[PDB]
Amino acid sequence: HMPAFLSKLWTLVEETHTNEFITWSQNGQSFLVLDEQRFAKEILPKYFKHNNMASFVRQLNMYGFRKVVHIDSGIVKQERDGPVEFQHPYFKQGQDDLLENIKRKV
């Protein structure tokens, strides 16, 4: 009864064997994608019918996830990418009961 995207996202983020690529941020308030490229080509196709980060991000925004922006505020590197962080008020570590409040947009 819960959309497949949301149940798969929870599993993804929660599952320890994926934590190198996708995991909870340090205070359970958001999830991280640590290695976008290996995530997209190895992890995504095991759960979805694609290997495109763009199509994963589309879904995130569709369910109202928002990217957490980190900027540089200082020195620029240029020698390291990302990582990528997304947040939703009802996608929270050790509160899976909140997931039912997440709603697709249109």
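Each residue number is its position in the shown sequence, starting from 1.
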At least a third of other PDB entries omit residue 78: yes
Which of 43-51 and 70-78 has higher mean CA B factor, as the PDB entry lists it: 70-78
Residue with highest C-alpha B-factor in the PDB entry, from 87, 93, 25, 16: 16
Chain-relative CA temperature factor third for residue 102: lowest
